[PDB]
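Protein chains in written order, with the numbering used here: chain R, 99 to 127; chain Y, 18 to 113; chain Z, 50 to 80; chain S, 348 to 377; chain B, 222 to 282; chain A, 517 to 657; chain L, 512 to 1250; chain V, 4 to 110; chain E, 148 to 227.
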Amino acid sequence: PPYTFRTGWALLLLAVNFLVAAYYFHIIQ
Amino acid sequence: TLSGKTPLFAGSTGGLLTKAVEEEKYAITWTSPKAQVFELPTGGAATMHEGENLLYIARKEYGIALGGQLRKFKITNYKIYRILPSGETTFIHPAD
Amino acid sequence: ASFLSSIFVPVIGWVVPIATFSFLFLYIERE
Amino acid sequence: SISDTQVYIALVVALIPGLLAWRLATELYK
Amino acid sequence: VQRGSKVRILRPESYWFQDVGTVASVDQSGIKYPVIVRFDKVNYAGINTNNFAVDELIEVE
Amino acid sequence: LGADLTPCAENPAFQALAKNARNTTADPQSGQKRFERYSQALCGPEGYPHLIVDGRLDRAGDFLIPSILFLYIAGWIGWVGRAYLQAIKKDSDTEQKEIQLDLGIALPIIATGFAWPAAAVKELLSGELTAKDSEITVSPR
Amino acid sequence: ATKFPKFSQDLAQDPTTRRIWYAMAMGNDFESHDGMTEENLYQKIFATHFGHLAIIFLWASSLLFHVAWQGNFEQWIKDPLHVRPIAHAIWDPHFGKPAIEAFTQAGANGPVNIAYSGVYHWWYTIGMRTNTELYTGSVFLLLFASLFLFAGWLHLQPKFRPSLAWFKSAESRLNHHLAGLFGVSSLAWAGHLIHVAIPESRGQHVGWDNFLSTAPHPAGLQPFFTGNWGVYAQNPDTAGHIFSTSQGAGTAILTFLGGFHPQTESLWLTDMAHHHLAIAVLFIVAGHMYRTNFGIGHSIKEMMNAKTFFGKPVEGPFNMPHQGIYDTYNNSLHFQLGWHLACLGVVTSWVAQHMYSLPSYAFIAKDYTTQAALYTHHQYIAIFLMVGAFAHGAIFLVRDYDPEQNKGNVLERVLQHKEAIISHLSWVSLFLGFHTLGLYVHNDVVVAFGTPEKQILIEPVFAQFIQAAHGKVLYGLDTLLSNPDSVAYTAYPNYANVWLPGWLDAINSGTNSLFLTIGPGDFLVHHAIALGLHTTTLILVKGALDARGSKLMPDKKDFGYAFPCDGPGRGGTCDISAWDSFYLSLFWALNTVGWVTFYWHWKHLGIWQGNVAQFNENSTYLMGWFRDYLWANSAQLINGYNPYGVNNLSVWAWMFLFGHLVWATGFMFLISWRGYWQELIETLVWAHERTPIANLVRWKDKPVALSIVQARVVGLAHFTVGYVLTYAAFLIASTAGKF
Amino acid sequence: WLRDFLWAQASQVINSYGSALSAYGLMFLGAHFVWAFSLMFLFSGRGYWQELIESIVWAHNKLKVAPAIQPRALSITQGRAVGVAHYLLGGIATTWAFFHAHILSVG
Amino acid sequence: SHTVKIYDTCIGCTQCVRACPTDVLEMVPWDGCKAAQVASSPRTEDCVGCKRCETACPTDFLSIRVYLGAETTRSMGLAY
Ligand code: CLA
Ligand code: CLA
Ligand code: CLA
Ligand code: CLA
Ligand code: CLA
Ligand SMILES: CC1=C(C/C=C(\C)CCC[C@H](C)CCC[C@H](C)CCCC(C)C)C(=O)c2ccccc2C1=O
Ligand SMILES: CC1=C(C/C=C(\C)CCC[C@H](C)CCC[C@H](C)CCCC(C)C)C(=O)c2ccccc2C1=O
Ligand code: SF4
Ligand code: SF4
């Protein structure tokens, strides 16, 4: 099956990985 | 009793120890076809007699390690006893 | 009262192991 | 430092756990 | 099964657990594990044959 | 910038190391041509180029360019070695061909696999890349 | 046929000297004693825990008494920055007269040992000023340790002996220990700081006589009950506060400046007072959560066995099966002991990480050797607590674990995919080691060939950011509390960053260990640390998961935890047991903490001497570690005694050689194994029964060689003791010889 | 023996970077490595390393890179033999690189 | 002494009886296997823990197993 509960939290954590890099790349300030 | 001949060697420092007085002592008898040179598990070479032999050994491990060495002499008659210091001789090898 | 070092250190250096080892040796070798 | 008298009070008070440690270590068995 | 049938092993303590064997001979009455399976890879002892029960195997051919 | 990173072409410490260049190869100006290329890096307070593994496209030559060049090669070392072990499993000996290389089978495997990113996705999407967990030996739990 | 050991009839019927050695290493193992039942187990461990608790108070009382009677605490108050503390005094008869003159130091009459454990800084901070308070607190701990020695005796008597259900009442420990042991004690220490330690910090004596008369605040508990709590944060100790004097003093008792005191370079005592007060409220509220006999609160066994999230059926909490884990934690004692050592092992290193950067003791940032020893001490303590976490976790899987009670849950699903855990742990250990060792050897060859610019130097740009996302201007990243236009800098809806003007003063000064400046030399060592953590974990997890059997040897649970091998068969099985994977890991765990404390020590030898350029150039290649740290610093140490004389470092010069000898002795038990030595002792048994006068005497226990599992203990014991004593003699004297 | 021989005479072997004795500086450190590497074979046993390969053969069985010649750990006698050959190599080569760089400088 | 457990999977190979050097093992008749005999260990007070008997057994996994127990004088292998 398409693992909804697994990929739901992995994409949440990876969105935290991309948010902190936006501070480091000065995209968000 | 046991009533066997003692093989020809000049004595070893292996031999028997204080356990042979205190806890137990084993003894292996075999009837040899002829006189020839074999090895002692105590260490060194010896010379068996013709007819019934006897070797007072320290442990049961020695007599079955020796009996495998006697098997290549066409000697499959070896019988180990367990000689307790109270004089109690127990036939242990073989089971029958 | 720094003289108590002269009376506690040799007791713990000498008398304490002699009293302990001679008790334990006679206790482990006790049928 | 502390006085010479106060060291002996500390030694006599230290016999109270020294007695109780001998009672606990022998109530826990031999 | 029969002499030449690929089977699988479900005995957990065995070395070839969940591996493909080849039945070499099946006995008739005794032992309780009457199936000789000639494996293709060797265990740590170096051998590649063993005895297995009738219900122990999974036929894959 | 960067940080604690002035460019190497602006550092007096890097230009002091420029005046005492040691020649790498027997090329007599190999000590000098080394430092005209290191002038674009970022040398700190010591005069040594500090690399940037960030992903910045002005510092892509440090780690972004050699990572693509490595992963094409080292995956191809392991892709060829995977396709050869698939081939010799379906043979009569299967252990002679491991120590004593079947060179007539090995050389078609070596020359083929340079398009392994075009290959290794096709085994993935078809599921032939992996094996079933009901077909691999496992330890008693 | 003796009656020793009492706890085993199988050991007491051993004619050899194996009887003696296995009594020692099975004595405190209460679970393998003869006839030990379940409720008798807990009742004996609980009273034993009063025995170890009372050793701690008797230990801490000798720290107070040997300082009050033999140290120079009252002479250390006058000038803590140059007066060198004293631990205890030497009475050694074997001394020569130049070795009494060398240890007569720190202004003393006889030979004294300079204290490098920093307990003068902790006692001076918390208010103690004269030698009588040290003696009074010493005598109090004699009575307070005897109050636990009596308590352990009392709770072994038959109607005072607790039942089995009292021990397995886990929801009632969590309410009492969180609210009372954690929360009230944090509340009580906040009461000690505000009533005593903060007024002692202002030249104002508050003792047992006048603490009921004097108030900590001239407002005096009226702003507490009325809700005007901002009165407690009035005029603080200013930036000209000379410590323990009235100059620049304040009236505030709960303040929130953040950062450091300007003279002592420690945390403000008013900051610690609002800290342990706020910790106390968060824990008393946390201790009113679980269900006890009052019919209210959460129930952990119902939280595990829950299967329904607001009507939606799930597998458990986080849709993960946690059923049976309550009957797995609570029924087993090795699951608890293996767990809480991991909890205590995390915080022990976490203590050490936050005490060099955030000093909390007066004048401890300038007494260098006391600070270099406290980091390395609690790091090695954190090492054993983490190795024993996996060790006692793996005794659980052999002995206590039941797969039927634990069927289908999350701890069962780890044992299914355990070959995927060990494989990806084996990957990262090899992926780091092949490329971290590769870059040191690359930098070694490149510097050796006279062209050091060809080094592969990587700035740690992902930890450059965090130090600039905490407020360091020195790199110029300009984000997140270093960007003064940030939402995080201003706290946009409420603007309540009270801590932040005092935090940014501390982090932007180059005169402390707060967020040290990092460079390319620090890149390689943190990836060398990550090599050591993933590899030590590899050995411990694989020994935990394969503890119940595998392909080479199934049913390893039938042989217990520590057994030598299974013979030379199947290729041999040397070091196969789950104990043997404890054993291999403590070489790595001592190694990794070497790396984290060689790197700690040499970065601070540049800060303390003003030479930061020596570390940043030379810590990229492994000769600069070997030359500029190991070779160059051991010149003060090794000249502790030479044919010209001695000095005060001659113990540490002697202990350094002593450590090299205990370390090397432990190789003999590990390279050479047993069967060489049993064939050697059988020649000494011969030549004692033949010697004519000396065979009047004879052994009672037959001499046999040390067993296989035993001289891996004894081999690791000489290895670990020599590893500790060698570095601890190098850490002290290379720092206490240079200052 | 530690101060005036091992410490004092090694000041020519570790200070030899950027000069012609650089290889003896690299063989001094490089032989300290191989000596320390040998202890992995001497201290540990065979039966640990066979268990570890079983978890690496699994990840090699999963992606179908299973070798036909099965991996085994080194035998008990060989693990001792590897551990003494790497021991004697790194211990002598330490001294080889220490005697040369000291005596090619003061001679 | 030690403990010698013999499971029901062996085939009567007589390789374990011909390898135990203190002669602990012996064959008894047993109608199960093809060779119609199973190994038996009636003299386990003589066993020295050698594990020669586990090395010589063919069957996977081993039908014979030696559990190392309390070590008396006969199982330590002491001539003194
Ligand atoms: C465990 C704690 C501890 C330790 C390691 C030390 C260590 C030392 N003390 Mg000290 N001492 C302590 C507590 C301690 N003290 C306490 C609480 C008191 C107050 C009674 C004293 C009173 C004292 C005096 C008066 C003198 C010393 C001296 C000494 C030194 C020599 C050893 C000796 O003679 O012991 C002396 C021991 C005693 C007087 C009684 C011991 C008291 C403690 C409570 C017993 C602890 C036993 C321990 C817990 C048992 C566990 C053993 C362990 C291996 C499992 C040495 C520096 C001598 C010294 O300084 O020489 C230069 C000296 O003259 N000590
Ligand atoms: C056919 C080649 C091949 C392939 C595709 C793989 C693939 C894999 N190995 Mg493996 N391995 C191999 C050979 C191979 N291995 C050999 C020969 C050894 C013995 C040295 C190992 C030892 C090994 C260990 C110890 C580990 C892996 C791991 C892994 C996995 C992650 C990749 C990695 O860490 O590389 C690891 C690579 C090495 C350790 C060195 C590579 C070996 C040589 C240099 C390459 C082989 C090339 C081959 C001989 C060419 C033959 C060509 C043919 C036409 C003749 C992956 C499943 C890891 C794992 O389980 O992760 C999940 C892991 O921990 N392997
Ligand atoms: C409010 C009541 C209360 C209190 C105060 C305690 C207190 C305690 N119980 Mg307890 N208990 C209670 C109720 C209570 N219990 C109830 C109701 C039950 C039955 C359900 C139990 C059942 C029970 C058992 C079965 C056991 C205990 C044990 C203990 C002791 C824990 C070990 C210890 O001293 O750690 C002290 C820990 C702290 C003071 C907190 C440390 C916090 C972290 C680790 C460090 C933080 C410090 C910080 C960093 C600063 C330090 C720096 C400074 C030192 C310089 C401790 C004395 C154990 C014991 O040893 O028995 C004697 C034990 O075996 N209890
Ligand atoms: C508070 C923590 C704690 C507790 C309660 C226990 C409790 C226990 N552990 Mg555990 N353990 C711990 C921490 C703890 N451990 C840590 C931190 C580690 C990692 C190092 C381990 C590793 C470990 C292993 C590997 C094993 C245990 C075992 C045991 C059990 C029996 C202990 C025994 O036989 O003692 C006997 C005590 C000794 C043999 C002491 C000898 C070692 C001493 C300390 C050497 C000291 C050297 C010397 C004095 C230095 C002198 C210096 C001088 C020369 C200058 C018992 C349940 C054993 C077991 O079977 O569990 C059921 C077992 O196999 N534990
Ligand atoms: C320039 C010098 C240099 C050298 C000498 C090495 C040498 C080595 N590297 Mg390394 N590496 C380098 C630069 C270098 N690296 C750089 C610049 C990068 C960044 C891209 C990496 C990234 C890298 C990875 C990610 C891995 C290695 C591994 C290895 C070892 C085996 C490589 C191989 O081909 O095995 C033969 C190949 C196989 C047996 C199978 C192929 C496995 C390859 C390496 C992975 C590719 C698969 C896939 C496309 C990517 C996986 C995901 C990944 C992004 C995480 C070997 C010691 C491997 C290792 O440590 O294994 C233990 C490994 O996994 N290296
Ligand atoms: C030396 C050695 C022996 C022989 C050593 C023996 C039998 C003991 C030697 C020490 C004697 C008994 C004196 C002990 C004195 C200690 C220095 C301190 C003892 C005090 C504690 C026990 C409290 C082995 O039997 C052995 C077996 C397996 C692997 C390695 C070895 C091994 O290395
Ligand atoms: C590492 C180690 C192993 C495992 C080590 C092994 C299996 C040796 C593997 C090392 C070599 C380098 C692997 C070579 C594999 C291929 C033949 C080479 C592939 C690359 C080619 C181009 C050569 C043991 O089995 C062992 C046993 C007993 C005591 C200590 C140890 C021990 O330390
Ligand atoms: S235990 Fe082994 S040797 Fe004995 S009969 Fe069975 S298979 Fe043969
Ligand atoms: S213990 Fe093992 S090797 Fe020794 S006699 Fe018994 S079966 Fe044979």
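The beta-carbon is built from N, C-alpha and C at its ideal position, and this holds for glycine as well.
How would you label residue i, buried or exposed, when you count the other beta carbons within 10 angstroms and need 16 or more for buried?
| i | result |
| --- | --- |
| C854 of chain L | exposed |
| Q882 of chain L | buried |
| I97 of chain Y | buried |
| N830 of chain L | exposed |
| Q616 of chain A | exposed |
| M65 of chain Y | buried |
| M535 of chain L | exposed |
| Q554 of chain L | buried |
| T1103 of chain L | buried |
Any C-beta of chain L sitting closer than 8 Å to the C-beta of residue i?
| i | result |
| --- | --- |
| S71 of chain Z | no |
| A166 of chain E | no |
| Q12 of chain V | no |
| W61 of chain V | yes |
| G560 of chain A | yes |
| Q81 of chain V | no |
Any beta carbon from chain Z within less than 8 Å of residue i's own beta carbon?
| i | result |
| --- | --- |
| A512 of chain L | yes |
When the cut-off is 8 Å and only beta carbons count, does residue i lie next to chain Y?
| i | result |
| --- | --- |
| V195 of chain E | yes |
Taking Cβ positions, are residue i and residue j nearer each other than 8 Å?
| i | j | result |
| --- | --- | --- |
| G761 of chain L | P747 of chain L | yes |
| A579 of chain L | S348 of chain S | yes |
| residue 1252 of chain L | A1007 of chain L | Residue numbering for chain L in the displayed model covers 512 to 1250; residue 1252 of chain L lies beyond these limits and cannot be assessed. |
| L896 of chain L | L852 of chain L | yes |
| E280 of chain B | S226 of chain B | yes |
| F771 of chain L | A1017 of chain L | yes |
According to DSSP, is residue i part of a helix, a strand, or is it coil?
| i | result |
| --- | --- |
| residue 1251 of chain L | Residue coverage of chain L in this structure runs from 512 to 1250, which leaves residue 1251 of chain L outside it and unanswerable. |
| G1233 of chain L | helix |
| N1008 of chain L | coil |
| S187 of chain E | strand |
Any C-beta of chain F sitting closer than 8 Å to the C-beta of residue i?
| i | result |
| --- | --- |
| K36 of chain Y | No chain F is part of this structure, whose protein chains are labelled R, Y, Z, S, B, A, L, V and E. |
Between which residues of its own chain and residue i is the CB-CB distance below 8 Å, once the five residues before and five after are set aside?
| i | result |
| --- | --- |
| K1053 of chain L | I933, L936 and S1092 |
| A104 of chain V | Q15, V16, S19, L24, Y27, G28 and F31 |
Hey, does residue i have any beta-carbon neighbour from chain A nearer than 8 Å?
| i | result |
| --- | --- |
| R1138 of chain L | no |
Does any CB atom of chain E fall closer than 8 Å to the CB of residue i?
| i | result |
| --- | --- |
| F1074 of chain L | yes |
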